[PDB]
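A look at the structure
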2 protein chains.
Amino acid sequence: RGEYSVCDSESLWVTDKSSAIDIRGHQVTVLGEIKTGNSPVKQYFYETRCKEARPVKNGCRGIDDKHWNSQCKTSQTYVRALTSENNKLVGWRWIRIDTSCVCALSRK
Amino acid sequence: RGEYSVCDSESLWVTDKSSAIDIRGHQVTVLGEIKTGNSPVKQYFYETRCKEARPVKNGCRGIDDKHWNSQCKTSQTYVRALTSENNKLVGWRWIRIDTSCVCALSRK
């Protein structure tokens with residue numbers, strides 16, 4: 001996979017996540033825990049983002065300079081989370097979360 | 001983000017996932033459902049992979065030809081899943097899952 005890759009990134013374990021955006025676009029609260037009838041489990045996330053928009057002054061690494069215009073951007077994906085709205089009723093919802101670092105191309 | 005991007009990909013909702021590899025490397029079973037004491041919720045996944053290893057005969061799009069050697073590869077990340085081993089005891093474990101399509105660079 002893109003170890004060195006065209007764009008550099010970082011992966012980390014997020015443990016504080018308390019709110020987030022829905023697949024519907026809503027801003028919801030993310031619970032700190034999960035379960036019942038057994039010991040409780042913590043709700044955390046494995047996320048990965050870009051280090052910086054341009055590993056090379058031009059843009060992403062390994063590009064055509066003249067023929068292109070680039071930039072590294074962090075992409076999100078959907079993951080299910082135990083969430084709440086208003087804090088009232090709790091349930092599972094798809095929330096957006098950083099998951100990779102992609103190289104976006106342009107022309108001119 | 002990488003709409004057109006250097007590598008093309010596809011995102012889909014996976015509903016049949018029945019087994020998977022751990023952060024520990026174990027092959028575990030993924031449950032079809034989640035919850036208790038309330039109506040049950042289905043366990044599915046939002047995954048994204050590459051269309052094909054090389055959008056351009058050379059490799060990824062927007063590369064330096066002579067100065068580089070590339071290829072698009074699909075990357076996985078960790079997501080929590082209600083899993084079981086042997087099918088005996090059930091619980092939450094981090095499982096590997098396709099989450100993006102990255103461009104890997106070489107030299108020569």
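This part is about the UniProt feature "disulfide bond" in chain A. All names here are of chain A. Judged by the under 2.5 Å criterion, the sulfur atoms of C50 and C101, which UniProt pairs in a disulfide, are close enough at 2.0 Å to be bonded in these coordinates. One end of the pair, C50, is in strand β6 (residues 45-50); the other, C101, is in strand β8 (residues 90-106), and 51 residues separate them in sequence. Residue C101 is classed as buried on the basis of its relative accessible area, which comes to 10%. Of the UniProt disulfides, the one joining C60 and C103 is satisfied here, as the sulfur distance of 2.0 Å falls under 2.5 Å. With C60 in the loop between β6 and β7 (69-84) and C103 in strand β8, this residue pair connects regions lying 43 residues apart in the sequence. Both residues of the pair, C60 and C103, count as buried.

Before going further, it helps to examine the state of the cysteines. All names here are of chain A. Per the counting criterion, the structure on display carries 6 disulfides over all chains. Across the disulfide, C60 is cross-linked to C103 (sulfur-sulfur distance 2.0 Å). Its S-S torsion of approximately 95 degrees makes the covalent link between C60 and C103 right-handed. Among the residues examined, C103 registers a relative accessible area of 2% and is labelled buried.

Mapped onto the elements of the fold, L89(B) is located in the loop between β7 (69-84) and β8 (90-106). The exposure class assigned to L89(B) is exposed, which follows from its relative accessible area of 63%.

Looking now at the environment of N69(A). All names here are of chain A. Mapped onto the elements, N69 comes out in strand β7. For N69, a relative accessible area of 40% corresponds to the partly exposed category. Taking C-alpha positions, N69 is 5.4 Å from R107, a pair spaced 38 residues apart along the chain. Dropping the residues within four chain positions of it, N69 is found in contact with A104, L105, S106 and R107.

A word on the interface of chain A and chain B. How large an interface is tends to be reported as the accessible area lost when its parts come together. The interface of chain A with chain B comprises 35 residues on the first partner and 35 residues on the second. Among the elements of the structure, β5 (41-42), β6, β7 and β8 of chain A are those that each provide at least two residues to the side of chain A that touches chain B. For the side of chain A that touches chain B, the element with the highest residue contribution is β8(A), accounting for 8 residues. Along the lines of polarity and charge, the residues of the side of chain A that touches chain B split into 19 nonpolar, 9 polar and 7 charged.

What follows deals with the relation of the copies chain A and chain B. Superposing chain A onto chain B takes a rotation of 180 degrees plus a shift of 0.0 Å along the axis, which leaves an RMSD of 0.0 Å. The transformation relating the two chain copies, once decomposed into turn and shift, fits a two-fold axis. Taken together, the interface assignments show that 100% of the residues at the interface of chain A recur at the interface of chain B, consistent with an identical surface on both copies.

A few words on the packing of aromatic side chains. Under the definition given, this model contains 13 aromatic pairs over all chains. Geometrically, the ring pair formed by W13(A) and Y44(A) is tilted, given 5.6 Å between the ring centres and 50 degrees between the ring planes. In this pair, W13(A) sits in strand β1 (residues 9-14) while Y44(A) sits in the loop between β5 and β6, placing the two residues 31 residues apart along the sequence. Assessed through its relative accessible area of 36%, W13(A) is described here as partly exposed. Within the aromatic cluster, the residues linked to one another by ring pairs are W13(A), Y44(A), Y46(A), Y78(B) and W94(B). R107(A) extends its terminal NZ or CZ atom over the ring of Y4(B), reaching a point 5.2 Å from the ring centre.

Cut-off values and rules
Residues numbered from 1 in each chain as written, not as in the entry; some residues may be left out. Chains lettered and ligands numbered in written order. Heavy atoms only, no water. Residues with missing side-chain atoms left out of burial classes, pairs and counts. Disulfide = S-S within 2.5 Å. UniProt positions renumbered as here; feature names shortened; annotations may be inferred. Helix = DSSP H or I, 4+ residues; strand = E, 2+ residues; numbered from the N terminus. Buried < 20%, exposed > 50% of the residue type's maximum accessible area, 1.4 Å probe, protein only. Contact = heavy atoms within 4.5 Å. Nonpolar A, V, L, I, M, F, W, Y, C, P; charged D, E, K, R; others polar. Least-squares fit on C-alpha atoms. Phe/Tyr/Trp six-rings, centres within 6.5 Å; stacked < 30°, edge-to-face > 60°. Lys NZ or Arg CZ within 6 Å of the ring centre and 35° of its normal.

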